[PDB]
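Chemist: Pasting a structure here, questions to come.
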Amino acid sequence: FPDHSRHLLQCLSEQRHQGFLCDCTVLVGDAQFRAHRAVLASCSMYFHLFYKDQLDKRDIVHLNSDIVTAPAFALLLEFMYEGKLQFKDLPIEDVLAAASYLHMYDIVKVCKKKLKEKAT
Amino acid sequence: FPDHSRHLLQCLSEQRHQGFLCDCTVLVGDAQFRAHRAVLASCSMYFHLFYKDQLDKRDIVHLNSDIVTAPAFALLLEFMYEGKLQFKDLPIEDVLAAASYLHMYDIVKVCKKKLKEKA
């Protein structure tokens with residue numbers, strides 16, 4: 001039963017990496033990520049607000065945020081479909097910035113505090 | 001992190017019970033079920049083939065199968081987000097029939113056969 005949930009999550013991650021049934025296509029910078037709108041909504045509160053504004057039959061065709069690192073955005077999308085304590089070598093500054101812009105899980109910023117405990 | 005995956009599955013199931021971002025609306029009998037198309041596609045390979053056929057023509061799923069018990073379909077969607085060998089006192093016959101028509105996980109029909117053999 002729980003292994004079924006993990007396997008359904010993996011299959012949905014494969015469908016998001018291939019592009020099958022992508023209700024939304026979010027592209028902040030030159031790069032373009034496309035996936036289901038409900039996925040980004042359940043993952044990020046900013047996408048949830050976009051879905052609340054899109055309830056009035058708007059088109060989730062695209063979306064752009066300034067000074068939100070696109071590599072960090074891709075890493076955050078992957079982290080929505082992946083595990084915890086994932087540093088992955090990106091700058092914590094842009095990481096916290098993107099996490100806030102997407103209204104992502106606060107634990108990311110908590111890990112940011114851990115980064116502040118890593119240099120002294 | 002993985003408990004987060006199970007909880008995200010539960011949250012997506014709550015969103016599917018509410019109806020947010022329903023790319024398809026499947027109604028077999030008198031009842032009408034609405035949820036995300038990608039959910040049914042990831043759940044069932046028959047839905048995957050229907051999605052491959054429907055990719056060229058964005059339509060509402062409105063899929064209907066004769067002699068496929070709609071309560072069994074609702075129980076199948078809910079248990080698809082639940083698992084854990086749920087029987088729900090419904091006749092195993094219609095359950096196995098719908099599961100076979102949908103090409104659901106073989107474990108469903110296997111547990112049906114095990115229950116039919118325990119009697």
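Ordering of the structure tokens sets the chain letters (A, B, ...), residue numbers begin anew at 1 in every chain, and ligands are numbered from 1 in the order given.
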Residues of chain A near chain B: apply a cut-off of 9 Å, count only C-alpha atoms, and supply the list as a VMD selection string.
Modeler: chain A and resid 1 to 2 4 to 6 8 to 9 11 to 12 15 20 to 23 36 to 39 42 to 43 51 55 80 to 85
Chemist: Considering only C-alpha atoms, return as a PyMOL selection string whatever protein or nucleic-acid residues lie within 9 Å of residue 101 of chain B, sequence-local ones (same chain, fewer than 2 positions apart) excluded.
Modeler: chain B and resi 46+65+68+96-99+103-104
Chemist: Which of chain A counts as alpha helix (DSSP H) under DSSP, as a PyMOL selection string please?
Modeler: chain A and resi 2-18+37-43+45-54+70-80+92-101+107-116
Chemist: Let me make sure I understand: among A:89, A:101, A:35, A:41, which one has the smallest atom-to-atom distance to residue 67 of chain A if we use only C-alpha atoms?
Modeler: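 Counting only C-alpha atoms, the residue closest to residue 67 of chain A is A:101.
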Chemist: Of the residues A:68, A:102, A:75, A:97, which is the one nearest to residue 49 of chain A, using only C-alpha atoms?
Modeler: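 Using only C-alpha atoms, residue 49 of chain A sits closest to A:102.
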Chemist: At a cut-off of 6 Å, using only C-alpha atoms, what residues contact residue 25 of chain B? Leave out same-chain residues fewer than 3 positions from it and give the result as a PyMOL selection string.
Modeler: chain B and resi 34+60-62
Chemist: What is the distance, in Å and to one decimal place, between atom CA of residue 30 of chain B and atom CA of residue 70 of chain B?
Modeler: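 Atom CA of residue 70 of chain B lies 8.3 Å from atom CA of residue 30 of chain B.
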Chemist: Which of these residues is nearest to residue 90 of chain A, using only C-alpha atoms: A:61, A:110, A:72, A:28?
Modeler: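 The answer is A:72, which sits nearest to residue 90 of chain A.
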Chemist: How many Å separate atom CA of residue 69 of chain B from atom CA of residue 29 of chain B?
Modeler: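 Atom CA of residue 29 of chain B lies 7.8 Å from atom CA of residue 69 of chain B.
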